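Take a look at this single chain, the form deposited in one PDB entry, given in structure tokens.
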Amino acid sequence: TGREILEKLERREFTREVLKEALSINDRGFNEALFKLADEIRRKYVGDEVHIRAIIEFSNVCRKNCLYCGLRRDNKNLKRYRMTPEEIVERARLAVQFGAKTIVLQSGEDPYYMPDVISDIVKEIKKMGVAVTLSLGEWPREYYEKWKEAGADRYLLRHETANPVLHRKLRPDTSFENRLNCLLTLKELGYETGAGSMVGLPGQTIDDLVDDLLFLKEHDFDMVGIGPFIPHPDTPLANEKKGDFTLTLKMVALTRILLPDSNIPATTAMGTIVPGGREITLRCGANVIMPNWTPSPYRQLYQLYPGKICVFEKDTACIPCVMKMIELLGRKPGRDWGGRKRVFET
């Protein structure tokens, strides 16, 4: 019964069987009830504050060749850019001036900056009295250590898929074992550590999605970023089907249920595949939003997937826009850095 699955979720009986059935049931009533449960749990554990993480996509140069990603090295159609360290620091300062309490630095795996230019940048941004989150991909332990010493607070490294066979096929430079080792290293070093997966990858099954949920719960990640796969025309996966918004939303809801005190963004990919998708996601378990703070003329060039929202707007538009979103949702902007606030339970 949908009714029995909801009761087991409410009682925290998170068996493989319960999660598979939750993801397999297509009934509208069941889905709505699941979204309501996640929404309620979010309210109870993390409150009405929506934390704003200003993201600066500072380089689209990448050495890897992930089959899903528009920044993959084999994509010759893309104009490559790199922000200078001064540009990055000053752009972070402008986000802080606009009220950002977390700055996220994200890039392709661009060797140019690694490790010392990142360290220099992180040091300068930390002077501004804000949290710094890095999302730079897979690097040696020594680089992660240097960045932590430089003052980085958090690291986002989506695990993408917990199916090691699918992972190796989609990410042929690397492996799930490497990705996990990175995540474990980040945790050991004391970063708030973010993982998460794509939904609707070619060949990905419902059992795979279950495994993603169990993987997330197992490692107790501080942040979980989940979005639909969106095919990019300049990649090998150009002709594959996009991920389903409602199934993705169910993944976000179940993540909240499983990790009630975690930070969970309403990802840009959710807002890209459905108009208003971020706002829906914020009402089904999510409590974080990541406004695009990449400056013109580079915004339009950070093309992980096509159609990406916000790319045409003036490059200071997204912080005020998300403040409006948060108000019209009946929510509040985050007051502090929005670090994970653990609720220890049974």
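Numbers follow the displayed sequence, beginning with 1. Shifts are known only where both forms have a C-alpha. Rigid core (definition): largest C-alpha set, two forms, superposition within 1.5 Å.
Quick note: we don't show the form deposited in another entry, though the next part is all about it.
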**Prompt:** So which residue among 313, 40, 32, 49 shifts its CA at least 2 Å between the shown form and the other one once the core is superposed?
**Reply:** 313
**Asked** Has the Cα of residue 65 moved 2 Å or more between the shown form and the other one, judged after a core fit?
**Response** no
**Message:** Given a core-based superposition, decide whether the C-alpha of residue 293 shifts by 2 Å or more between the shown form and the other one.
**Reply:** no
**Item:** Rigid core superposed: residue 304 CA moves 2 Å or more between the shown form and the other one
**Value:** yes
**Prompt:** Once you compare with this form, do the C-alpha atoms of residue 324 and residue 305 lie closer or farther in that other deposited form, given a change of 3 Å or more?
**Reply:** closer
**Closer or farther in that other deposited form: C-alpha pair residue 321, residue 312 (3 angstroms or more)** = closer
**Prompt:** Lining up the core, where do at least three residues in a row all have CA moves of 2 Å or more between the shown form and the other one?
**Reply:** 300-314, 344-346
